[PDB]
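Top line first, the protein sequences correspond to chains A and B.
Note that UniProt numbering has the first sequence beginning at 5, numbered continuously upward.
Note that UniProt numbering has the second sequence beginning at 5, numbered continuously upward.
Cβ atoms here follow ideal geometry from the backbone N, Cα and C, with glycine treated the same way.
This report concerns only the one structure given below.
Number of protein chains: 2
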Amino acid sequence: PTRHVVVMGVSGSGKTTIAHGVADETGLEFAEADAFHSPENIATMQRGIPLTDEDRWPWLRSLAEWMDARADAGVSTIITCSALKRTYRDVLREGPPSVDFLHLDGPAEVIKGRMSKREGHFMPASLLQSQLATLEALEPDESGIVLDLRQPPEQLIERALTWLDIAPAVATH
Amino acid sequence: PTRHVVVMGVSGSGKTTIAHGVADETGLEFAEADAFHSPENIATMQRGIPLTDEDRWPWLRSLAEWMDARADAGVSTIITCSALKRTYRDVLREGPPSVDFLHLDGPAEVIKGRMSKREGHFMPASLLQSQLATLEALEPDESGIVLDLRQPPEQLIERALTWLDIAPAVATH
């Protein structure tokens with residue numbers, strides 16, 4: 005079967021590093037979910053305005069559809085997403101036959117410290133509060149694990165890989 | 005003005021690391037170009053069949069359109085692409101007001117050695133020969149620099165950042 009992984013966490017949590025590390029060892033196709041947003045939604049967030057559920061539904065559906073179409077062609081995927089509510093994850097699960105979540109997170113103060121070590125930001129620091137409010141804990145009937153971003157990425161990637169147990173036959177050589 | 009960067013190089017050259025490193029310091033929006041391919045085109049390549057010019061035109065146009073629409077909303081971008089011909093780069097340049105290329109490359113034997121250190125592969129090693137044939141050198145009237153993948157990524161990212169000279173006002177805080 006195909007596998008479909010979502011790395012979920014706020015901006016500056018290190019999602020790209022984790023997703024990329026997982027992809028490189030499993031053959032999963034990596035994609036960045038923000039690229040699926042409309043340009044206007046990206047611009048709105050860049051000015052510091054949080055999106056609503058209504059803003060996000062078409063985006064979530066396009067992600068679900070992209071994963072479903074990849075699945076149909078035998079392609080396994082891993083995508084990075086910003087904060088998701090439980091209902092948002094429900095929409096993602098409407099696409100491909102399964103979705104496994106890696107929830108990358110940690111104390112707000114550590115996240116803020118990470119962001120302070122960068123010159124450029126794609127998203128404003130002011131969005132962090134609203135994002136942490138949007139990020140709903142994984143619930144018992146979902147498939148996912150938490151990755152504490154205070155740990156080194158190499159450890160988190162190994163932890164993810166052990167949990168995901170992606171079948172070797174998913175990759176290519 | 006908005007900026008639009010393409011990191012071009014074959015699979016396993018380290019494009020994601022470079023693009024991600026540049027994005028993190030400039031605020032450029034990172035996207036992976038393969039996600040814009042149709043599922044069937046991804047599957048075709050995964051079986052080891054190289055795409056043709058005809059297969060690639062709609063993909064290149066969608067990348068150009070995505071960059072143009074981001075530009076219109078004031079959003080600067082950096083994307084990773086596999087091997088591109090000069091004519092392919094012409095199509096990318098039909099979109100946004102400018103495109104700067106970072107050409108990540110090196111000897112085939114070094115690329116093959118990098119790929120051998122990974123368990124999973126998104127694309128088969130057999131595609132490398134055809135990709136190296138498709139990757140046409142940057143020409144004098146194009147905007148780009150070569151990044152030798154034998155160098156450490158930290159050095160290449162600094163080299164890219166110095167050359168790109170992304171205005172600080174492109175980012176957010």
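Following the DSSP letters along the chain, one finds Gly148 (chain A) inside the beta strand (DSSP E) bounded by residues 148 to 152. The straight-line gap separating the alpha-carbon atoms of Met119 (chain A) and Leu160 (chain A) is approximately 19 Å. Residue pairing for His8 (chain A): DSSP places it in a beta bridge opposite A:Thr81. Non-local beta-carbon contacts of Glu29 (chain A) in its own chain, meaning distances under 7 Å to residues more than five positions away in sequence, involve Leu165 in chain order. As computed with DSSP, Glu33 (chain A) is found in a beta bridge with A:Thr81. Using a Cβ-Cβ cut-off of 8 Å, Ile46 (chain A) is close to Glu33, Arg74, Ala77, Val79 of chain B, given in chain order. In the displayed model, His107 (chain A) falls within a strand according to three-state DSSP.
In the three-state reduction of the DSSP assignment, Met71 (chain A) falls in the helix class, which pools H, G and I. Short of 8 Å from the beta carbon of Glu69 (chain B), and not among the five residues preceding or following it, lie these beta carbons of its own chain, in chain order: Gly99. The beta carbon of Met49 (chain B) lies closer than 7 Å to those of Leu55, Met127, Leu131 in the same chain, with the five residues before and after it left out. Contact between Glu123 (chain B) and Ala175 (chain A) is confirmed by a C-beta separation of about 7 Å, below the 8 Å threshold. Around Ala27 (chain B), the same chain offers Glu33, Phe34, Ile82 as residues with beta carbons nearer than 8 Å, after the five sequence neighbours per side are excluded. Relative to the Cα of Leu88 (chain A), the nearest Cα in the group A:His107, A:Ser80, A:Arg74 belongs to A:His107. DSSP places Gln159 (chain B) within a helical segment (H, G or I) once states are collapsed to three. Within the region 19 to 32 of chain A, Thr20, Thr21, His24, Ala27, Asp28, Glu29, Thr30, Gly31, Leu32 place their CB atoms closer than 8 Å to a CB of chain B, listed in sequence order. In terms of CA proximity to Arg65 (chain A), A:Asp94 leads the group A:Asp94, A:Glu162, A:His8, A:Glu158. Of all residues in the region 122 to 140 of chain A, only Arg122, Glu123, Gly124, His125, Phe126, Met127, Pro128, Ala129 place a beta-carbon less than 7 Å from a beta-carbon of chain B. Scanning A:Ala23, A:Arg51, A:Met71, A:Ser42 for the CA closest to the CA of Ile46 (chain B) turns up A:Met71. One Cα belongs to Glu158 (chain B), the other to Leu153 (chain A), and the distance between them is close to 22 Å.
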